[PDB]
Structures are given as structure tokens and as C-alpha cells.
Amino acid sequence: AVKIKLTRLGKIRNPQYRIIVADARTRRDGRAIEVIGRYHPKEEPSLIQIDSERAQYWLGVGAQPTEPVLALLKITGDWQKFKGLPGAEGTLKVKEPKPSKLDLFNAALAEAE
Amino acid sequence: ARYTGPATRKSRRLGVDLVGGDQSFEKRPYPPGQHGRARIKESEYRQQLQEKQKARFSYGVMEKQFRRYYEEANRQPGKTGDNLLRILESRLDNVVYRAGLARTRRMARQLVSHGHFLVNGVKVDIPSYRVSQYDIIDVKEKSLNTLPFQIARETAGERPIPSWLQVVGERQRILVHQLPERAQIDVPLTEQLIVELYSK
Amino acid sequence: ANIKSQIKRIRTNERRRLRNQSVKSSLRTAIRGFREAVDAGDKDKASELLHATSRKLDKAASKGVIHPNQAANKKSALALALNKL
Amino acid sequence: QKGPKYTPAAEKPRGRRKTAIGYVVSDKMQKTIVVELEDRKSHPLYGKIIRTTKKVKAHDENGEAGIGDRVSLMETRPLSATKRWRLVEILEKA
RNA sequence: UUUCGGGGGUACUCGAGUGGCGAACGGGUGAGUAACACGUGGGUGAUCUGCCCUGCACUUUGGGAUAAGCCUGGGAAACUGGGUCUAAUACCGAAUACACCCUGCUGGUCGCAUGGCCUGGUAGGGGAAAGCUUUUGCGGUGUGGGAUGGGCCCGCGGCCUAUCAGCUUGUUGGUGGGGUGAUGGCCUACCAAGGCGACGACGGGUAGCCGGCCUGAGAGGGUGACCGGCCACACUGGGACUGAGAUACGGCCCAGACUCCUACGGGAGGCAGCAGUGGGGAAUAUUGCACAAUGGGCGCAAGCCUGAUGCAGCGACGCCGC
Ligand SMILES: [Mg+2]
Ligand SMILES: [Mg+2]
Ligand SMILES: [Mg+2]
Ligand SMILES: [Mg+2]
Ligand SMILES: [Mg+2]
Ligand SMILES: [Mg+2]
Ligand SMILES: [Mg+2]
Ligand SMILES: [Mg+2]
Ligand SMILES: [Mg+2]
Ligand SMILES: [Mg+2]
Ligand SMILES: [Mg+2]
Ligand SMILES: [Mg+2]
Ligand SMILES: [Mg+2]
Ligand SMILES: [Mg+2]
Ligand SMILES: [Mg+2]
Ligand SMILES: [Mg+2]
Ligand SMILES: [Mg+2]
Ligand SMILES: [Mg+2]
Ligand SMILES: [Mg+2]
Ligand SMILES: [Mg+2]
Ligand SMILES: [Mg+2]
Ligand SMILES: [Mg+2]
Ligand SMILES: [Mg+2]
Ligand SMILES: [Mg+2]
Ligand SMILES: [Mg+2]
Ligand SMILES: [Mg+2]
Ligand SMILES: [Mg+2]
Ligand SMILES: [Mg+2]
Ligand SMILES: [Mg+2]
Ligand SMILES: [Mg+2]
Ligand SMILES: [Mg+2]
Ligand SMILES: [Mg+2]
Ligand SMILES: [Mg+2]
Ligand SMILES: [Mg+2]
Ligand SMILES: [Mg+2]
Ligand SMILES: [Mg+2]
Ligand SMILES: [Mg+2]
Ligand SMILES: [Mg+2]
Ligand SMILES: [Mg+2]
Ligand SMILES: [Mg+2]
Ligand SMILES: [Mg+2]
Ligand SMILES: [Mg+2]
Ligand SMILES: [Mg+2]
Ligand SMILES: [Mg+2]
Ligand SMILES: [Mg+2]
Ligand SMILES: [Mg+2]
Ligand SMILES: [Mg+2]
Ligand SMILES: [Mg+2]
Ligand SMILES: [Mg+2]
Ligand SMILES: [Mg+2]
Ligand SMILES: [Mg+2]
């Protein structure tokens with residue numbers, strides 16, 4: 001009964017999670033068969049990342065994701081692709097790019113002069 | 001826990017002026033104490049300790065941080081001397097002092113602790129703040145209208161700003177560009193004795 | 001025994017242990033009849049006794065009281081002994 | 001869409017068994033022989049090469065190997081206690 | 001409906017009782033162990049595997065019994081004797097299977113040898129099932145293949161000690177039987193009398209092991225804190241049932257020490273789980289808050305449990321900042 005897992009990492013005030021494929025009977029931080037993704041709640045955009053091919057292979061062979069894993073798969077589109085109902089839709093929002101400090105400095109120097 | 005004792009006492013004991021404007025130092029160069037005139041036996045250990053004391057009590061840094069900086073600079077692939085000098089110069093208090101904005105390192109340290117500066121548009125109040133390569137420092141309007149800030153900025157006739165620091169406008173907006181070199185820094189004292197002392 | 005679930009499990013275990021012991025004893029008696037017949041040295045009465053014994057072993061294997069591989073080995077040995085003796 | 005009744009699996013290549021060459025020293029016991037295997041290893045600390053020998057019992061079904069005979073052996077499934085080797089071929093005789 | 005004692009249906013809901021799943025997961029400790037226990041690398045032609053995914057054919061029929069409920073006895077007690085009574089996916093016959101399992105006959109490849117594979121073919125025999133629901137439906141039987149989870153064997157590595165020189169009789173090897181899932185002196189009967197030993201057998205002392213930590217430029221030396229992976233244990237010593245899975249911590253039977261209740265008839269226990277009490281010493285804590293997130297267990301779901309966990313309090317015990 002292989003299931004998709006989330007493992008707590010990081011200090012107390014900023015949790016981080018590893019999207020892991022492992023047996024259900026093991027511990028929360030037990031031995032991991034493979035790592036395929038990650039999840040960072042703290043950042044307000046909630047950066048997401050999953051290995052598409054490996055996730056599709058695991059779903060095909062018959063792993064059962066938990067509720068949050070299923071939510072992530074739906075929002076990323078892997079679940080939609082596997083089921084074939086709507087197709088492959090990307091609802092993920094990308095991290096807002098940090099403007100280049102080089103050009104921040106250039107604008108600041110131009111304003112100064 | 002900073003040092004709250006007299007400042008000229010340490011300069012007198014070490015025999016080399018630290019602030020540079022000490023009139024009492026030139027009035028009396030000999031060290032304090034009842035028997036300050038007695039001769040002292042030569043000791044490489046003595047000179048090595050003296051250099052450390054001079055540097056640390058001139059920069060007003062705590063020796064735990066000083067030792068950590070030594071370890072970092074030594075492990076850094078550069079040469080321990082100039083790496084330590086640069087990492088210690090990168091101190092925010094020393095930066096603001098050598099920018100001409102402050103007349104004393106203790107003034108810089110106190111003002112920074114009270115939090116009268118802005119960095120990257122984010123409020124920072126830490127005298128031991130790390131300023132890396134190619135950064136920027138700003139100043140808030142409260143500090144701009146603060147009294148001593150003014151007197152300082154329109155009385156800034158101190159030693160010329162080094163190459164790596166430079167001001168561009170009346171707002172006292174400070175800059176750092178590259179890693180300074182030993183000769184260009186041209187700071188008093190000698191770090192060979194300090195590195196030998198720690199290697200011992 | 002401290003949890004009502006534990007007591008219920010004890011009761012169920014006792015009853016179904018009686019059941020399993022009864023069926024196992026039945027199979028053991030069938031095997032004992034096999035052994036007595038073989039020692040006596042019969043051929044036709046043997047033929048039908050081993051037929052019935054194979055039927056009973058297959059029943060037990062299907063019911064899960066004994067492993068299918070164990071039953072297969074049992075009845076393979078039965079046929080082996082019949083052929084050699 | 002009807003699938004076939006048989007779905008073949010992947011043909012796993014057969015694994016290899018360890019092969020040993022040695023000299024038999026005793027065969028008086030029936031259809032089972034013991035062969036000495038010579039191994040050379042460097043000492044972990046000093047480096048002097050050390051010669052060591054180990055005793056292993058093989059399997060036979062004719063007792064064709066006499067004393068002081070050179071044969072070949074290779075690993076197999078267990079047969080008896082501490083006996084896990086079999087005779088494959090006789091090389092030299094004397 | 002009512003007299004506010006209460007009389008019927010409703011399944012929204014549910015005390016107790018049968019029936020499924022769980023309870024071997026999770027959590028704690030390091031007494032025993034100098035060993036295939038651990039690391040490393042292979043073999044399994046000698047193996048098993050519920051829940052899961054995906055294919056194949058199906059899922060006929062008949063019957064007995066019981067808890068519960070009611071009456072009743074012992075007795076403070078737990079629990080228990082006797083009578084009456086009832087339903088199911090609880091229990092038991094029979095319908096076929098020919099993808100499954102043996103027996104006798106008969107061909108191709110490999111070698112790694114028995115022999116394996118080629119689902120080789122051939123004649124005989126035998127092997128099973130349960131419905132509820134009207135909704136994002138789950139179940140019942142045998143078989144092909146996946147992934148997980150395991151079991152057994154083997155090369156090499158890792159403390160001191162001859163003021164410890166012989167040890168062993170299922171001990172060494174082979175045949176006929178039993179054995180389990182599996183090969184095997186695993187067990188038994190009969191044969192041969194060997195096997196291991198100064199490249200340290202058998203004894204005596206100490207100790208769970210590893211990724212690591214400290215020190216050291218390097219070799220090297222000490223150590224097994226927290227975290228993570230394996231092994232052993234549950235007052236001490238024996239045994240077995242169940243299960244796909246058992247050292248079965250809060251499962252069961254027996255033998256020992258201790259404690260408790262008692263109407264003197266008779267009964268109950270295992271904090272090395274979370275807090276806390278007595279003693280040891282130099283010393284190591286609060287009888288705290290929640291399922292707000294992750295995991296796990298049950299149910300179609302809503303839903304319920306979780307001292308796992310997430311947090312709080314106490315200690316300059318350590319690191320870091322003011
Ligand atoms: Mg986030
Ligand atoms: Mg948010
Ligand atoms: Mg009996
Ligand atoms: Mg009888
Ligand atoms: Mg044998
Ligand atoms: Mg109820
Ligand atoms: Mg169920
Ligand atoms: Mg238990
Ligand atoms: Mg179980
Ligand atoms: Mg357990
Ligand atoms: Mg555990
Ligand atoms: Mg011990
Ligand atoms: Mg010993
Ligand atoms: Mg091994
Ligand atoms: Mg191992
Ligand atoms: Mg191990
Ligand atoms: Mg009853
Ligand atoms: Mg009925
Ligand atoms: Mg039934
Ligand atoms: Mg039947
Ligand atoms: Mg039939
Ligand atoms: Mg075939
Ligand atoms: Mg048949
Ligand atoms: Mg039926
Ligand atoms: Mg299948
Ligand atoms: Mg299979
Ligand atoms: Mg070793
Ligand atoms: Mg005997
Ligand atoms: Mg045999
Ligand atoms: Mg057997
Ligand atoms: Mg034997
Ligand atoms: Mg033995
Ligand atoms: Mg080091
Ligand atoms: Mg080392
Ligand atoms: Mg050690
Ligand atoms: Mg430990
Ligand atoms: Mg641990
Ligand atoms: Mg015990
Ligand atoms: Mg004990
Ligand atoms: Mg014991
Ligand atoms: Mg069983
Ligand atoms: Mg099981
Ligand atoms: Mg307990
Ligand atoms: Mg405790
Ligand atoms: Mg005390
Ligand atoms: Mg203390
Ligand atoms: Mg959880
Ligand atoms: Mg949950
Ligand atoms: Mg509870
Ligand atoms: Mg503190
Ligand atoms: Mg203290």
C-alpha cells in the first residue's frame with residue numbers, strides 16, 4: 001500500500017515538506033524510496049515542484065496520494081493528465097521575480113546624479 | 001556588553017594613540033599606574049598580545065566575534081592578514097565612520113544600535129551587520145532631521161573616504177564596490193603578529 | 001484483558017480455535033487411516049481412501065485451514081507412496 | 001478490448017556463482033571432498049603480503065578425485081551442514 | 001397520543017449484543033549476545049506476500065445452530081449455573097472450473113547439478129462464492145503481471161586473554177521416511193567413523209552494531225550524546241491458539257517473589273509509554289494546552305480516536321544576538 005508522503009523539515013517557525021514515495025507503515029521521517037517534490041508553506045505564493053514523469057509513473061503503478069498530495073496534484077495538473085478528463089492545465093502561479101539589484105543600483109545612481 | 005571604562009586609559013597603557021585626537025596621550029605617553037616608568041622585559045608574547053589588544057580595543061569589537069572573524073578569514077582561500085582586515089573593516093560601524101558621517105567609532109556603534117539607518121529599504125539596527133560586495137545603504141528622514149546627524153554631515157571634514165566607500169549626494173547615501181586591498185586600506189598596526197599569536 | 005475489544009477477541013479466538021482444532025483433528029484422522037491402510041498393504045481400498053483423502057485435503061486448502069502448498073505436498077506424497085507401494 | 005490470458009514477465013538473466021580452484025586433501029568420506037583454497041591479501045597496517053588458506057567441502061557423486069588432486073569448484077545451493085560446493089571438472093592428476 | 005405515568009412508527013440518532021477492519025502500526029529501554037547480530041557485495045533453478053493497480057471467467061442451491069431479549073440461582077464483589085427465544089456478509093452440504101494441483105508416457109535449450117525453462121504435449125483424478133445501497137458505490141471466488149513488505153544461504157571486516165592444549169557422539173557423510181512455504185542431522189531408523197585443531201579449537205573477562213562526534217596535517221587514538229538505519233527485551237523462567245504477517249509491552253495457559261480488596265466463601269495486578277511518588281547519589285523537569293498543519297486507524301462520505309505530533313512552563317546546561 002505505497003502512499004505519497006510529506007516529511008517535516010526545518011526549524012519550528014518555518015516548516016518545509018518533502019514529497020516522498022514510501023510505505024504507509026513506516027514512520028513520518030522513516031526510510032524513503034524516492035524524493036520527487038517539495039512544498040514551502042511559508043512563502044505566500046507557496047512554491048511548488050513535482051517531477052512530472054516520476055509522478056505519472058507512480059500513479060500508473062498504483063500509489064495512493066493523501067488528501068494534500070491529491071490537492072497538489074490537481075492544482076499542478078498531474079492528476080488531470082493522469083485521469084484524462086480536462087487534459088493538462090497549468091494552474092500554478094510562478095514566484096514573483098525579484099527585480100535585478102543591478103538595475104536597482106543603476107536607477108539609484110541615475111537618480112543621485 | 002560593550003566597554004564602559006575610560007578610553008584614554010587604554011591608549012596610555014598600549015602606548016599608541018587610538019582615537020588620534022587624544023591630547024592627554026601626547027601630554028603623557030607613559031602608561032598609567034604607580035610604577036609606569038619601570039622597564040619591561042622584552043617578550044615576543046608581550047608584543048603579540050599588545051597588537052591584539054590595540055586592534056580589538058580600537059575597533060571596539062568583542063573578542064569572541066574577533067576570534068570567529070579570524071577563523072573565517074583564515075579558512076578563506078585568501079591570505080589571513082588581508083582577509084581578516086577586510087572582514088573586520090566590513091563592520092557597519094566602521095563603514096559609517098570612514099564614510100565621514102561619524103566622528104567616533106563609539107558614536108557609530110551607539111547610533112546604529114539606536115537604529116538611525118536604513119539598508120536596502122529594510123530597517124536594520126545591528127552594529128555588527130555584515131555588508132557584502134556591491135551593496136547600498138540609505139538613511140531615514142528622522143535621522144536626517146536629527147540634530148547630531150546634521151552637524152556631522154555639514155562638518156564632515158575628516159580623513160578622506162577610502163576607495164571602496166564613496167558618497168554621492170547630500171542624503172549621505174553610502175556605497176561599497178569591491179574588496180579592498182591591504183595597501184589601499186593602509187590601516188595602522190600589523191596583522192602578522194596577530195596571526196602568529198593565534199597559530200601558536 | 002482490559003479492553004472490551006480484547007475480551008471480544010478472546011471469545012472469538014476461543015470459539016474459532018475449537019473449530020480449527022476440530023477440522024485439523026479430522027484431517028489428522030484421515031491421514032492416520034491412510035497410514036494404517038498403507039502399512040496393511042491394500043491397493044483398491046487404498047485407491048478410494050486416498051481419493052477421499054485428496055478430496056479432504058483440497059477442502060482444507062480451499063477453506064484456508066492449511067496452506068495450498070502444504071496440501072499439494074501432502075497429496076503428492078500420498079500418490080508417490082501409492083505408486084511405489 | 002479483451003486481453004490475453006497469459007501476460008509474460010521479464011526474463012531475469014540467471015546469476016553467476018563464485019568459482020574456485022584448489023587442491024583436494026581428503027576424500028576418505030564417501031562422495032564428498034574437501035579442497036584447500038589459497039588466498040593472498042595485504043596486511044591492513046604494515047603491508048607485508050600474507051598467505052592464508054581456507055577449508056571448504058565440495059560435492060561429488062563418483063569419488064573420482066584422489067589425494068593430491070587438482071580440481072575446480074563453484075558455489076551452489078546448500079546440501080548439508082557447512083557444505084555448499086560442487087565438483088565441476090578435474091584438471092590435473094598425479 | 002397522553003393521565004405528563006407513559007402507548008406506537010421514524011431511522012435523523014444510538015446504550016448494551018452478534019459481524020467485518022484495526023490491535024505485529026506507532027512509542028520505550030540496552031539486561032542478554034564475541035553470533036550471519038551489524039556493514040559491505042551477491043545468490044534464491046530453494047521462497048511467501050491482506051489492503052493496492054491492471055487483464056481473464058464468473059459469482060447456482062439447500063439446511064441446522066446461537067448471542068441478544070425473557071425467567072431464574074450463587075454472591076458485597078467480579079463472574080458464573082439452569083430454562084425459553086431470534087437475525088445476518090456468523091456456520092455447514094451440493095452446481096462447474098479445466099487459466100490451478102499430482103500420478104504414468106513422450107521432445108528442444110542451459111549448463112550451475114540435482115535438474116530449471118520452453119505456461120512443451122499426452123491419459124486419470126480433484127479444488128469456491130454475499131449481498132447492501134439507491135450514491136462521486138463498495139463487495140464474493142481461482143488465476144497471469146506490476147510495486148511494496150518480507151524469509152533462507154554465502155566471500156570480506158571489525159575487543160583482551162595459554163597464569164585456558166585438545167574438543168565433539170545427531171558429532172561428521174550417505175540412504176528410507178516425517179517436516180514446513182521454502183533447500184537443509186531440521187527430526188527419526190539403518191549404514192561408514194569421522195569433523196574441527198598452533199594460519200590459535202575449547203574455555204575465561206568486557207561490550208548492542210552502524211551513518212557519525214571529539215582530537216589529530218596524515219596515519220592514528222577515544223567515544224556510540226540528540227537525529228537516522230538494523231538487532232534483542234517487556235516482574236523471572238517455560239508453552240501454545242489465532243492470523244498474510246507474533247520477543248504478541250496495555251492478547252492467552254503454567255511455575256516462582258511482591259502488593260491490594262474482602263462480608264474469610266473468593267477475587268485483581270505488571271509505568272524499560274506520557275506526567276507524577278519512595279530510595280540512589282552530585283545532579284537532570286510540569287501530575288500543562290490542542291487535534292490549528294503532517295502522518296496513522298475505522299467508515300461511501302459527513303464523521304470518531306490518536307500523551308505520534310504541534311506548542312507552552314521549569315534549568316545561564318550549550319550555541320548565538322543585544
Ligand atoms: Mg508557502
Ligand atoms: Mg495563505
Ligand atoms: Mg489428542
Ligand atoms: Mg479418535
Ligand atoms: Mg539430508
Ligand atoms: Mg452501539
Ligand atoms: Mg470494512
Ligand atoms: Mg498489543
Ligand atoms: Mg495485523
Ligand atoms: Mg510493536
Ligand atoms: Mg520501534
Ligand atoms: Mg550490558
Ligand atoms: Mg565466550
Ligand atoms: Mg552473509
Ligand atoms: Mg546481512
Ligand atoms: Mg544487520
Ligand atoms: Mg448468551
Ligand atoms: Mg435467522
Ligand atoms: Mg460466511
Ligand atoms: Mg463445500
Ligand atoms: Mg468440482
Ligand atoms: Mg503450458
Ligand atoms: Mg483433478
Ligand atoms: Mg455460499
Ligand atoms: Mg494479477
Ligand atoms: Mg503475483
Ligand atoms: Mg567482521
Ligand atoms: Mg540417531
Ligand atoms: Mg528427503
Ligand atoms: Mg519437509
Ligand atoms: Mg539426521
Ligand atoms: Mg546439528
Ligand atoms: Mg578537524
Ligand atoms: Mg580516522
Ligand atoms: Mg568501539
Ligand atoms: Mg546508544
Ligand atoms: Mg535512535
Ligand atoms: Mg519473558
Ligand atoms: Mg525477565
Ligand atoms: Mg529473560
Ligand atoms: Mg496460522
Ligand atoms: Mg497481516
Ligand atoms: Mg505498562
Ligand atoms: Mg516516565
Ligand atoms: Mg538524595
Ligand atoms: Mg544542573
Ligand atoms: Mg500526523
Ligand atoms: Mg488527517
Ligand atoms: Mg482518546
Ligand atoms: Mg537563557
Ligand atoms: Mg549554574
# chains A, B, ... in the order shown; residues from 1 in each chain; ligands from 1
>>> residues_around(residues="region 60-75 of chain D", least_positions_apart="3", cutoff="8 Å", atoms="only C-alpha atoms (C1' of nucleotides)", output="ChimeraX atom specification")
/D:17-27,30-33,84-94 /E:112
>>> residues_around(residues="residue 1 (chain C)", least_positions_apart="5", cutoff="8 Å", atoms="only C-alpha atoms (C1' of nucleotides)", output="ChimeraX atom specification")
/C:6-7 /E:251
>>> write_last_selection(atoms="N, CA, C and O atoms (P, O5', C5', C4', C3', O3' and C1' of nucleotides)", output="PDB file, in the first residue's frame")
ATOM      1  N   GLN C   6     -10.587  -6.424  23.463  1.00  0.00           N
ATOM      2  CA  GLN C   6      -9.722  -7.548  23.798  1.00  0.00           C
ATOM      3  C   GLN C   6     -10.532  -8.748  24.273  1.00  0.00           C
ATOM      4  O   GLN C   6     -10.268  -9.882  23.862  1.00  0.00           O
ATOM      5  N   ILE C   7     -11.522  -8.525  25.140  1.00  0.00           N
ATOM      6  CA  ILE C   7     -12.340  -9.642  25.617  1.00  0.00           C
ATOM      7  C   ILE C   7     -13.114 -10.273  24.466  1.00  0.00           C
ATOM      8  O   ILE C   7     -13.222 -11.505  24.367  1.00  0.00           O
TER       9      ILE C   7
ATOM     10  P     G E 251      -4.516  -5.983  27.148  1.00  0.00           P
ATOM     11  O5'   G E 251      -4.118  -7.527  27.099  1.00  0.00           O
ATOM     12  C5'   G E 251      -3.355  -8.061  26.025  1.00  0.00           C
ATOM     13  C4'   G E 251      -4.081  -9.196  25.345  1.00  0.00           C
ATOM     14  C3'   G E 251      -4.024 -10.545  26.042  1.00  0.00           C
ATOM     15  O3'   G E 251      -4.934 -10.659  27.123  1.00  0.00           O
ATOM     16  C1'   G E 251      -3.559 -10.836  23.747  1.00  0.00           C
TER      17        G E 251
END
>>> residues_around(residues="region 13-16 of chain B", least_positions_apart="3", cutoff="7 Å", atoms="only C-alpha atoms (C1' of nucleotides)", output="list in words")
residues 9, 10, 29, 30, 31, 32, 50 and 54 of chain B
>>> select_by_dssp(residues="region 34-131 of chain B", states="strand (DSSP E or B)", output="list in words")
residues 91, 118, 119, 122, 123 and 130 of chain B
>>> interface_residues(of="chain B", to="chain E", cutoff="9 Å", atoms="only C-alpha atoms (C1' of nucleotides)", output="VMD selection string")
chain B and resid 1 113 126
>>> residues_around(residues="residue 18 (chain A)", least_positions_apart="2", cutoff="8 Å", atoms="only C-alpha atoms (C1' of nucleotides)", output="PyMOL selection string")
chain A and resi 5-9+16+20+35-39
>>> residues_near_ligand(ligand="ligand 11", cutoff="10 Å", atoms="only C-alpha atoms (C1' of nucleotides) and all ligand atoms", output="PyMOL selection string")
(chain A and resi 27) or (chain E and resi 25-28)
>>> write_last_selection(atoms="C-alpha atoms (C1' of nucleotides)", output="PDB file, in the first residue's frame")
ATOM      1  CA  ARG A  27       7.456   6.442  10.261  1.00  0.00           C
TER       2      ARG A  27
ATOM      3  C1'   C E  25       1.397   0.035  13.205  1.00  0.00           C
ATOM      4  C1'   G E  26       3.051   3.910  16.152  1.00  0.00           C
ATOM      5  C1'   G E  27       6.035   4.773  21.167  1.00  0.00           C
ATOM      6  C1'   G E  28      10.140   2.872  25.344  1.00  0.00           C
TER       7        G E  28
END
>>> residues_around(residues="residue 133 (chain B)", least_positions_apart="6", cutoff="12 Å", atoms="only C-alpha atoms (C1' of nucleotides)", output="PyMOL selection string")
chain B and resi 86-87+90+164-165+175-180
>>> atom_distance(atom1="CA of residue 37 (chain B)", atom2="CA of residue 192 (chain B)")
28.6 Å
>>> closest_atom_pairs(of="chain E", to="ligand 38", cutoff="9 Å", atoms="only C-alpha atoms (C1' of nucleotides) and all ligand atoms", output="Markdown table")
| residue | atom | partner | partner_atom_place_in_ligand_line | distance |
| --- | --- | --- | --- | --- |
| E:233 | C1' | ligand 38 | 1 (Mg) | 7.8 |
| E:234 | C1' | ligand 38 | 1 (Mg) | 7.2 |
| E:236 | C1' | ligand 38 | 1 (Mg) | 7.4 |
| E:237 | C1' | ligand 38 | 1 (Mg) | 7.5 |
| E:247 | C1' | ligand 38 | 1 (Mg) | 7.6 |
>>> write_last_selection(atoms="N, CA and C atoms (P, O5', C5', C4', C3', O3' and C1' of nucleotides)", output="PDB file, in the first residue's frame")
ATOM      1  P     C E 233      13.702 -11.219  22.077  1.00  0.00           P
ATOM      2  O5'   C E 233      13.608 -10.253  23.339  1.00  0.00           O
ATOM      3  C5'   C E 233      14.085 -10.662  24.611  1.00  0.00           C
ATOM      4  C4'   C E 233      13.711  -9.665  25.677  1.00  0.00           C
ATOM      5  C3'   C E 233      12.234  -9.320  25.760  1.00  0.00           C
ATOM      6  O3'   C E 233      11.514 -10.265  26.534  1.00  0.00           O
ATOM      7  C1'   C E 233      13.527  -7.329  25.780  1.00  0.00           C
ATOM      8  P     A E 234       9.920 -10.409  26.394  1.00  0.00           P
ATOM      9  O5'   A E 234       9.348  -9.388  27.471  1.00  0.00           O
ATOM     10  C5'   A E 234       9.845  -9.384  28.804  1.00  0.00           C
ATOM     11  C4'   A E 234       9.542  -8.083  29.502  1.00  0.00           C
ATOM     12  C3'   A E 234       8.076  -7.880  29.873  1.00  0.00           C
ATOM     13  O3'   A E 234       7.975  -7.129  31.085  1.00  0.00           O
ATOM     14  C1'   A E 234       8.745  -6.196  28.351  1.00  0.00           C
ATOM     15  P     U E 236      11.411  -9.521  33.429  1.00  0.00           P
ATOM     16  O5'   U E 236      11.797 -10.892  34.142  1.00  0.00           O
ATOM     17  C5'   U E 236      13.038 -11.039  34.817  1.00  0.00           C
ATOM     18  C4'   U E 236      13.218 -12.439  35.346  1.00  0.00           C
ATOM     19  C3'   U E 236      13.064 -13.560  34.328  1.00  0.00           C
ATOM     20  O3'   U E 236      14.247 -13.785  33.583  1.00  0.00           O
ATOM     21  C1'   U E 236      11.808 -14.072  36.267  1.00  0.00           C
ATOM     22  P     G E 237      14.169 -14.455  32.125  1.00  0.00           P
ATOM     23  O5'   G E 237      13.602 -15.917  32.401  1.00  0.00           O
ATOM     24  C5'   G E 237      14.416 -16.910  33.007  1.00  0.00           C
ATOM     25  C4'   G E 237      13.697 -18.230  33.112  1.00  0.00           C
ATOM     26  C3'   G E 237      13.088 -18.763  31.827  1.00  0.00           C
ATOM     27  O3'   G E 237      14.040 -19.407  31.000  1.00  0.00           O
ATOM     28  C1'   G E 237      11.535 -18.982  33.606  1.00  0.00           C
ATOM     29  P     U E 247       8.279 -13.538  17.041  1.00  0.00           P
ATOM     30  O5'   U E 247       8.787 -13.086  18.481  1.00  0.00           O
ATOM     31  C5'   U E 247       9.700 -13.883  19.220  1.00  0.00           C
ATOM     32  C4'   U E 247       9.788 -13.433  20.658  1.00  0.00           C
ATOM     33  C3'   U E 247       8.479 -13.013  21.307  1.00  0.00           C
ATOM     34  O3'   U E 247       7.711 -14.115  21.754  1.00  0.00           O
ATOM     35  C1'   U E 247      10.189 -11.448  21.832  1.00  0.00           C
TER      36        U E 247
END
>>> closest_atom_pairs(of="chain E", to="ligand 28", cutoff="12 Å", atoms="only C-alpha atoms (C1' of nucleotides) and all ligand atoms", output="Markdown table")
| residue | atom | partner | partner_atom_place_in_ligand_line | distance |
| --- | --- | --- | --- | --- |
| E:169 | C1' | ligand 28 | 1 (Mg) | 9.2 |
| E:170 | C1' | ligand 28 | 1 (Mg) | 5.5 |
| E:171 | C1' | ligand 28 | 1 (Mg) | 10.7 |
| E:185 | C1' | ligand 28 | 1 (Mg) | 8.6 |
| E:187 | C1' | ligand 28 | 1 (Mg) | 9.6 |
| E:188 | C1' | ligand 28 | 1 (Mg) | 7.4 |
| E:189 | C1' | ligand 28 | 1 (Mg) | 7.8 |
| E:190 | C1' | ligand 28 | 1 (Mg) | 9.6 |
| E:191 | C1' | ligand 28 | 1 (Mg) | 11.6 |
>>> residues_around(residues="residue 112 (chain A)", least_positions_apart="5", cutoff="9 Å", atoms="only C-alpha atoms (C1' of nucleotides)", output="ChimeraX atom specification")
/A:107 /B:168-169,173
>>> write_last_selection(atoms="C-alpha atoms", output="JSON list (two decimals), in the first residue's frame")
[["chain", "number", "residue", "atom", "x", "y", "z"],
["A", 107, "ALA", "CA", 18.36, 53.60, -11.25],
["B", 168, "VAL", "CA", 27.24, 60.77, -3.99],
["B", 169, "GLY", "CA", 24.61, 63.11, -2.58],
["B", 173, "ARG", "CA", 23.96, 57.56, 0.70]]
>>> closest_atom_pairs(of="chain E", to="ligand 20", cutoff="8 Å", atoms="only C-alpha atoms (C1' of nucleotides) and all ligand atoms", output="tab-separated table")
residue	atom	partner	partner_atom_place_in_ligand_line	distance
E:92	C1'	ligand 20	1 (Mg)	7.9
E:93	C1'	ligand 20	1 (Mg)	6.3
E:94	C1'	ligand 20	1 (Mg)	7.3
>>> residues_near_ligand(ligand="ligand 18", cutoff="7 Å", atoms="only C-alpha atoms (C1' of nucleotides) and all ligand atoms", output="VMD selection string")
chain E and resid 86 to 88
>>> write_last_selection(atoms="C-alpha atoms (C1' of nucleotides)", output="PDB file, in the first residue's frame")
ATOM      1  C1'   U E  86     -34.051 -14.945  17.466  1.00  0.00           C
ATOM      2  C1'   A E  87     -31.460 -12.293  12.587  1.00  0.00           C
ATOM      3  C1'   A E  88     -27.391 -11.546   9.468  1.00  0.00           C
TER       4        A E  88
END
>>> residues_near_ligand(ligand="ligand 33", cutoff="12 Å", atoms="only C-alpha atoms (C1' of nucleotides) and all ligand atoms", output="list in words")
residues 213, 214, 215, 216, 217 and 218 of chain E
>>> interface_residues(of="chain E", to="chain A", cutoff="7 Å", atoms="only C-alpha atoms (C1' of nucleotides)", output="PDB file with C-alpha atoms (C1' of nucleotides), in the first residue's frame")
ATOM      1  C1'   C E  25       1.397   0.035  13.205  1.00  0.00           C
ATOM      2  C1'   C E  51      -5.233  -3.982   1.842  1.00  0.00           C
ATOM      3  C1'   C E  52      -3.330  -1.516  -3.747  1.00  0.00           C
ATOM      4  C1'   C E  53      -3.066  -1.297  -9.602  1.00  0.00           C
ATOM      5  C1'   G E 146       3.426  -4.852 -11.503  1.00  0.00           C
ATOM      6  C1'   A E 147       5.184  -2.006  -6.774  1.00  0.00           C
ATOM      7  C1'   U E 148       5.668  -2.553  -1.552  1.00  0.00           C
ATOM      8  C1'   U E 294       1.572  16.267   8.594  1.00  0.00           C
ATOM      9  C1'   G E 295       1.096  11.200   9.478  1.00  0.00           C
TER      10        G E 295
END
>>> residues_around(residues="region 6-8 of chain D", least_positions_apart="4", cutoff="12 Å", atoms="only C-alpha atoms (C1' of nucleotides)", output="list in words")
residues 2 and 12 of chain D; 54, 55, 56, 99, 119, 143, 144, 145 and 146 of chain E
>>> closest_residue(among="B:135, B:42, B:154, B:17", to="chain A", atoms="only C-alpha atoms")
B:135
>>> atom_distance(atom1="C1' of residue 181 (chain E)", atom2="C1' of residue 47 (chain E)")
6.5 Å
>>> atom_distance(atom1="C1' of residue 313 (chain E)", atom2="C1' of residue 272 (chain E)")
27.0 Å
